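Student: let's see this in three dimensions:
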Amino acid sequence: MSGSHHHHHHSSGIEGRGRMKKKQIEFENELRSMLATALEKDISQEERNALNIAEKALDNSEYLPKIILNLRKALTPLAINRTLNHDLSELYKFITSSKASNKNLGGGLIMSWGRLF
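Tutor: Numbers count the residues shown, from 1 in each chain. Please find the structure below.
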């Protein structure tokens, strides 16, 4: 059958076991599928570098605020310098407006990096 039989056991894994202890399953699925699509999109050395750093930290459990900060710290100066490929502009809009918002999703003073505050 040629329909959805190939759709079984997604590479972008989704569970609520001991990654932290709990989490958001649907929003993590939504973001990590979009970022997996964003790797399959044509990205240059620097944009690839940020999203490869993203994979290794995501699966090392180095935190959702920390990695939302990481993409907003890595992609915002490249946006201002006008060299981001911009073909995942919706991902940049996503971590500021979807459920995760402005700062990250929780707020708080990060210190040091206040170029856009």
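
Student: if I pick residue 83, what's in contact with it?
Tutor: Going by CB atoms under 8 Å, 6 or more residues apart in numbering, residue 83 touches residue 46. For the C-beta atoms, the positions are set from N, CA and C on the backbone; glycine is no exception.

Student: where exactly do the helices run in the chain?
Tutor: 25-40, 45-58, 64-74, 76-80, 89-94 (DSSP state H).

Student: for residue 111, find the nearest of those.
Tutor: Nearest to residue 111 among those is helix 64-74; the distance by CB to CB comes to 11.4 Å.

Student: what sits against the closest residue to residue 44 other than its chain neighbours?
Tutor: Leaving aside its sequence neighbours, residue 44 sits nearest to residue 85 (CB to CB, 6 or more residues apart in numbering; 6.3 Å). Each residue near residue 85 by CB under 8 Å, 6+ apart is listed here: 41, 42, 43, 44, 47.

Student: and among the helices of the chain, the most buried is which?
Tutor: Mean neighbours per residue, mean count of other CB atoms under 10 Å, is largest over the helices of the chain for helix 64-74, with a mean of 17.

Student: how far is that helix from where the chain is centred?
Tutor: How far helix 64-74 lies from its chain's middle: 8 Å, per CA atoms, centre = their mean, to the nearest Å.

Student: that helix packs against which elements?
Tutor: Packing partners of helix 64-74 (3 or more CB pairs under 8 Å, 6 or more residues apart in numbering; DSSP states H and E): helix 45-58.

Student: how about 10 Å then?
Tutor: helix 25-40, helix 45-58, helix 89-94 (3 or more CB pairs under 10 Å, 6 or more residues apart in numbering; DSSP states H and E).

Student: please produce TSV containing these, extended by distance to residue 71.
Tutor: Below are those laid out as TSV (distance: least, CB to CB, whole Å):
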stretch	distance to residue 71
helix 25-40	9
helix 45-58	6
helix 89-94	8
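
Student: mind pulling up the phi and psi values for the residue nearest to residue 44?
Tutor: Dihedral pair for residue 85: phi -60, psi -30, per degrees, to the nearest 10.

Student: distance of it from residue 75?
Tutor: 10 Å (CB to CB, to the nearest Å).

Student: between these two, what contacts are shared?
Tutor: Common neighbours of residue 85 and residue 75 (criterion: CB atoms under 10 Å, 6 or more residues apart in numbering): 46, 47.
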